[PDB]
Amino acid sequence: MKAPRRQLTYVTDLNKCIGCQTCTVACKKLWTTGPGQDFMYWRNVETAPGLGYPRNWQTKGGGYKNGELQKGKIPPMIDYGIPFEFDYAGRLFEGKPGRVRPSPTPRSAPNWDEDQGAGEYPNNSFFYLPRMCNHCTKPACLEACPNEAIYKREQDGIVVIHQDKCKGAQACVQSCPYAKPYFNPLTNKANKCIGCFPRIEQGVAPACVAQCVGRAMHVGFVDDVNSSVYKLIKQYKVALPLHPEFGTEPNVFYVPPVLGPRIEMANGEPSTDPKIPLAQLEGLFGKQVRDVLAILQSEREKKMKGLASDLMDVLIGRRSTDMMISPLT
């Protein structure tokens, strides 16, 4: 253990994420282009509701129950998706006939159920859920490793799998309830999100934050009382950790969606209920979600009456550097 001196903290605004996967791509092309890593998405974005990545990860088990470390499942490769491969050369350059089909026959994939969500027209609903390692204050992965290969950095709270200490025990994969450590079958090592510590060390925001196109990501140290992450988490209290009942105490938080149209009634007229079920959000973030939404709706309404709302200004983030450690590199 030894608690960290500072704790790198993320806030994801589900009002702003457009599910463009830019962050998914940026992280991959920076850290996971190596051998054995083709199926790994340290950063991914899933449609909610949906299967997620890997499929049904929310029931894989892991984390803590009354302080007791849990041992969950190890997802099979097909739940991650065998990364599709293609023979372009044969068709484009070598005169081979036949379409450039994907192998294997598509049956699963990390974003397979994009924009499908739940509910029948005209009350279909979905939103986007970006995910990463949560650099937990109580990291299940770290306790589970029989080789102490996983450590929590004293300077910024970032959790890292030490690649030389790692002997491929996979206890961490069993125990992370977010399914964020990935076993590399080529090297026999676990790989996961490194919180972009080389960028952080240079005062550059992590790539999934700096390159976020929807402008939905906030990062900073939660001890800095002038940071947007302190403001959203501690002050206005509108950002919640994903699945708190897992007992890992994440340090990635979500502002739940308050934007969105209303449930349409049988006569075609609006209800007062949102198309996004409250019950779905409570499933993700627990029983505080109602009060957070009331705060968000109340503050947005002041802006609508031409009044001032500093909470709204924070979410707007008119300047990127108000949201994050400098993104410039």
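Don't overthink the numbering: it's just position in the shown sequence, from 1.
J.: Tell me which stretch has the larger mean Cα B-factor in this entry, 270 to 278 or 65 to 73.
T.: Between 270 to 278 and 65 to 73, it is 65 to 73.
J.: Mean Cα B factor from the PDB record: higher for 147 to 155, or higher for 127 to 135?
T.: Between 127 to 135 and 147 to 155, it is 147 to 155 that shows the higher mean C-alpha B-factor.
J.: Tell me which of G214, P110, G195, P97 tops the list for C-alpha B factor in the record.
T.: When the deposited C-alpha B-factors of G214, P110, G195, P97 are compared, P97 is largest.
J.: Once the chain's modelled residues are ordered by C-alpha B factor and cut into thirds, is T9 in the lowest, middle or highest one?
T.: Within its chain, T9 is a lowest-third residue by C-alpha B-factor, going by the deposited values.
J.: When the deposited Cα B-factors of this chain's modelled residues are ordered and cut into thirds, is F246 in the lowest, the middle or the highest one?
T.: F246: CA B-factor falls in the highest third of its chain.
J.: Which third, lowest, middle or highest, does the CA B-factor of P122 fall in along this chain?
T.: Ranked within chain, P122 CA B lands in the middle tercile.
J.: Sorting by Cα B-factor within the chain, modelled residues only, which third would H218 end up in: lowest, middle or highest?
T.: According to the entry, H218 has a C-alpha B-factor in the chain's lowest third.
J.: Looking at the temperature factor on the CA atom of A210, which third of the chain's modelled residues does it land in?
T.: For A210, whose C-alpha B-factor we compare with every modelled residue in the chain, the answer is the lowest third.
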